[PDB]
Structure formats: C-alpha cells, structure tokens
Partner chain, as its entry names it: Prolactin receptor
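One chain is shown next in structure tokens, namely the form solved without the partner chain.
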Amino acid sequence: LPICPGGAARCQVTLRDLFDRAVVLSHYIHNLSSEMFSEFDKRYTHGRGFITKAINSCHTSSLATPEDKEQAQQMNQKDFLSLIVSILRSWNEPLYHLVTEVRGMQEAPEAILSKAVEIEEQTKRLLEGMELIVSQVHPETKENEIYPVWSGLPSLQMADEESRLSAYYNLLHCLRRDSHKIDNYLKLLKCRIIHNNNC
C-alpha cells in the first residue's frame, strides 16, 4: 500500500524517525543552555566571586523524576514520558522572560539573545516529538502534559547586576542540567524504543 495516500498534511510518521530526531534535538538544547549560559556567566558574572555557590534549585527537580539509573529501571512506566513533557514545558515560560529581558539588555542584545530565541523554540519541538512518542508507546495516554510552576524572577526590572545575575544564574544554569536530563531519558528509552542494545 502507498506510504501516504493522496497528500495528507498530517500523513503518517515513523516513531523511529521522530524519536531519533527528538533524541538528537535534546543535545542541541544542551549546547544552547551551555553556551547561552556560559556567554552570560563569563559576561555578567565573569569571576564575580559570589556565583561560586553550589546553587541548583531547579523547579523541575520537584517532578517525580528518576533519582538515579537504578530507580529508572525500577520505574519502567509512563512516568518517563510524562516527566519529559513536564520538564520541557516547565522551561517554556522561564525562556520567554530570558528572551524578553535579554532583548532589551544593551549589554546582551543579540549575543545571548541568539541562543535564547533558538533555545526556547527547540524545546517545544521535543514536546511534539514526545507527545507523539508517548501517544504511540502508551496509546492509553489521552493527553498528559502536566508541568511544575514558576516562582522565581518576581520582578525583572532589578537593575542591580549582582541581584539580577542571580535571576538568570539560577535559571540558565538549571536550564542546562535539566536539558541534559530530558536528553538522558530519550537515550535510555531508545534501548526499548528502537534497538534493544543501546544506552
């Protein structure tokens, strides 16, 4: 039978194809959060002396994510698919503010904005790759897209460089580690998604 009868805008998609793109797409955000934050850390917090505190609030940490690889094996449930959606959506808002404040930042107008505008867009792409993957791996899932909330950056007019820096230091830094976590799950899921030998 024809792969795509006539011409459907939706047409059919191979779970492996989108999953493979979603697995690699997660690495792209890693570079964005890594370089986008590093360009900021070395620009506004260049050896500031106060950003050396081990700070990793990570609002998504509250999500029921796997504590370690051993627990992830113990999980083996739809929670993995739900956790990815919660993490990617949780950063959809925080990235919006980073782009708005950076857009008006004379010190960071297009430099950091270039990564901030593309980092918020790729994060949503993983969402679609995941929503079809979760809907294909677990057809029972009707529409699961619950994510944490946001309680940081109460006011973005903080002109203080030391205070405002914390505003993005907490977000951009956790944005990187979390982007890796979202990327890590696609790698583990690959083991039972396309090839038994992987991860």
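Numbering follows the first chain given and starts at 1.
The same protein also exists as the form deposited with the partner chain bound; that form is not shown, yet it is the one meant from here on.
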(request) Report yes if all three of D68, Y185 and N197 come within 4.5 Å of the partner chain in the deposited bound form by some heavy atom, otherwise no. (result) yes
(message) Is it the case that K42, even though its partner is missing from this view, gets within 4.5 Å of the partner chain in the deposited bound form, heavy atoms only?
(response) no
(request) Answer with yes or no whether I51 is in contact with the partner chain in the deposited bound form, where contact means some heavy atom within 4.5 Å. (result) yes
(request) Spell out, yes or no, whether the shortest heavy atom distance between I146 and the partner chain in the deposited bound form is within 4.5 Å. (result) no
(request) Flag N56 as yes or no: does it have a non-hydrogen atom within 4.5 angstroms of any non-hydrogen atom of the partner chain in the deposited bound form? (result) yes
(message) Can you pick out, from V117, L127, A72, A111, the residue that has a heavy atom within 4.5 Å of the partner chain in the deposited bound form?
(response) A72
